[PDB]
Every structure is written in C-alpha cells, then in structure tokens.
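In what follows, residues are counted from 1 in the order of the sequence shown.
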Amino acid sequence: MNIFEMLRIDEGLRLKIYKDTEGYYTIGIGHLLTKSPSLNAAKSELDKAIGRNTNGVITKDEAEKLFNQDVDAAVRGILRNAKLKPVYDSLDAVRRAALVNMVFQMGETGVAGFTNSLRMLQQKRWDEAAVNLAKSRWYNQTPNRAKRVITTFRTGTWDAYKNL
Ligand SMILES: [Cl-]
Ligand SMILES: [Cl-]
Ligand SMILES: [K+]
C-alpha cells in the first residue's frame with residue numbers, strides 16, 4: 001500500500017468525464033476539472049490539461065499522468081502551507097499519506113482549516129484526533145472514505161485499505 005494505491009481505491013478510474021460526489025465534472029482518478037455546471041467549460045479544462053482536443057475521453061495512461069501530477073501537487077501544497085507543513089513533518093509515512101489524501105480531496109485551504117484536528121494530530125493524540133475529524137462536513141458527506149482515512153490516522157497502518 002502507498003498514496004497512489006490508496007487514492008486509486010478512493011477515487012476509482014473513469015476515462016470519460018463524469019460528476020464527482022459533489023456533482024462536479026471530473027475525469028480519470030479523481031481529477032477535478034471545474035466546479036462550473038457547464039460541460040463545455042469542463043471539456044475545455046480537460047483539453048488544456050491533456051494538451052489535445054479530446055472530446056471528453058482520455059486513455060488510462062493519460063489518466064495516470066494527471067494523477068501523478070495531482071498527487072505531486074498535493075504534496076507541494078502541504079509543504080508550502082504554514083499550517084500544514086509542520087503537521088506533515090511530524091507524521092510517520094503512513095499518516096502522511098492520509099493527510100495527502102485529504103488535501104487531494106478537499107484542497108490545501110480546506111484541510112488547513114481543520115485547526116483543532118491538526119493540533120491533535122501534531123500532539124499524537126490519535127483517538128481524540130479521529131473523533132474530532134469525524135465532526136465535519138467531510139465525514140458526513142463521504143463517510144466510508146472518511147472513515148478509511150481516519151482509521152489510517154488513528155492507527156498508522158493500512159488496515160482500512162487492506163482487502164479492497
Ligand atoms: Cl492540470
Ligand atoms: Cl464515502
Ligand atoms: K471519484
């Protein structure tokens with residue numbers, strides 16, 4: 001198990017534009033295209049991202065290319081954020097991946113706002129952080145996924161993703 005495998009399970013793989021859990025056009029492995037309700041607008045973002053006039057369908061290789069970029073960008077975002085970096089640096093590699101997962105799903109800004117949870121994580125108060133993390137729109141809207149990520153922070157193991 002690793003960040004790529006983890007997110008691949010959480011986000012799935014779809015080669016044609018589809019709507020994510022929030023109703024937003026996306027493609028590939030969770031690559032958000034736009035929050036706009038315009039399919040045309042989503043298609044234009046797709047072409048710009050891939051570098052060719054696609055017509056809304058991409059190949060697996062292309063999906064993986066964006067995914068790698070996206071994971072790298074999430075890590076980049078954490079490292080540049082004053083609220084997230086210290087937490088990230090304080091964690092073991094397994095827990096680090098859980099934080100990258102959250103940023104990939106909600107963005108740097110979103111996660112940086114979980115101030116109290118972040119503090120509990122930095123303090124290594126695992127069970128308390130897990131309870132706190134669940135008190136969120138994130139958990140309520142995507143509870144099974146959230147639960148997986150939370151168990152990862154709670155235990156520092158990949159048990160929630162084993163057998164998937
Ligand atoms: Cl992009
Ligand atoms: Cl879910
Ligand atoms: K998805």
Any [X] side-chain heavy atom under 4.5 Å of [Y] side chain:
X: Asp72; Y: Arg76; value: yes
X: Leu39; Y: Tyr25; value: yes
X: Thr54; Y: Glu62; value: no
X: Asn101; Y: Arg145; value: yes
X: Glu64; Y: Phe4; value: no
X: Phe67; Y: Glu11; value: no
X: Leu66; Y: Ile29; value: no
X: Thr151; Y: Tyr161; value: no

[X] and [Y]: same hydrophobic cluster, using ILVMFWY side-chain contacts below 4.5 Å?
X: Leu32; Y: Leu13; answer: no
X: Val87; Y: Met120; answer: no
X: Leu7; Y: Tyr139; answer: yes
X: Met1; Y: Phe153; answer: yes
X: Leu79; Y: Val100; answer: yes

Exercise: identify the closest heavy-atom pair between [X] and [Y]:
X: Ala63; Y: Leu15; result: CB-CD2, 4.0 Å
X: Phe114; Y: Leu133; result: CD2-CD2, 3.9 Å
X: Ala42; Y: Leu33; result: O-CD1, 3.9 Å
X: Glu108; Y: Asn81; result: OE2-ND2, 3.1 Å
X: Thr155; Y: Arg95; result: C-NH2, 3.3 Å
X: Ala98; Y: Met6; result: CA-CE, 4.0 Å

Expected output: side-chain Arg154 to main-chain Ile150 donor-acceptor under 3.5 Å: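 No, the answer is negative, given that no donor and acceptor are paired below the 3.5 Å cut-off.
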Expected output: side-chain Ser44 to main-chain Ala41 donor-acceptor under 3.5 Å: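 Pair absent, no side-chain N/O of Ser44 close to backbone of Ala41.
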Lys/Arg N to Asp/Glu carboxylate O, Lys65 vs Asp61, below 4.0 Å: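 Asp61 and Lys65: not salt-bridged.
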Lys/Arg N to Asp/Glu carboxylate O, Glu45 vs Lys48, below 4.0 Å: yes
Crowding at NZ, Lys83 (>12 non-hydrogen neighbours, <6.0 Å):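 Check passes, neighbour count above 12.
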In Å, rounded to the nearest 0.5 Å, how long is the span from [atom1] of [X] to [atom2] of [Y]?
X: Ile17; Y: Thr26; atom1: CD1; atom2: OG1; result: 9.0 Å
X: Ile78; Y: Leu99; atom1: CD1; atom2: CG; result: 4.5 Å
X: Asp20; Y: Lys35; atom1: CG; atom2: NZ; result: 9.0 Å
X: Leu46; Y: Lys16; atom1: CG; atom2: NZ; result: 13.0 Å
X: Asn53; Y: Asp47; atom1: CG; atom2: CG; result: 5.0 Å

Candidate pair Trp158 and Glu5, rule side chain to side chain contact (heavy atoms under 4.5 Å, CB included), full reasoning: CA-CA 11 Å; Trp158 289 114; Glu5 298 183 13; over 6 Å; no
Audit row: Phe104, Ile3, side chain to side chain contact (heavy atoms under 4.5 Å, CB included) steps and yes/no: CA-CA 10 Å; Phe104 187 98; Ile3 186 57; over 6 Å; no
Side-chain donor-acceptor contact under 3.5 Å, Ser36 with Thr34: no
Between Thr142 and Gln105, a side-chain donor and acceptor under 3.5 Å: yes
All salt bridge (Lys or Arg N to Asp or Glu O under 4.0 Å) counterparts of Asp159, not counting sequence neighbours: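 Residues passing salt bridge (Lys or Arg N to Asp or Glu O under 4.0 Å) with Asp159: none at all.
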Test side chain to side chain contact (heavy atoms under 4.5 Å, CB included) applied to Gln141 and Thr21, step by step: CA-CA 8 Å; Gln141 308 300 137; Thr21 65; over 6 Å; no
Qualifying side-chain hydrogen bond (donor to acceptor under 3.5 Å, both in side chains) pairs, either residue in residues 116-131, two or more places apart: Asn116-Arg119, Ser117-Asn132
Geometric cation-pi criterion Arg96 and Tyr88, 6.0 Å radius, 45° cone: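 Yes, cation above the ring, under 6.0 Å and within 45°.
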Criterion side chain to side chain contact (heavy atoms under 4.5 Å, CB included) on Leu84 and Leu118, from CA distance to verdict: CA-CA 8 Å; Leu84 304 172; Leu118 288 178; 3.8 Å; yes
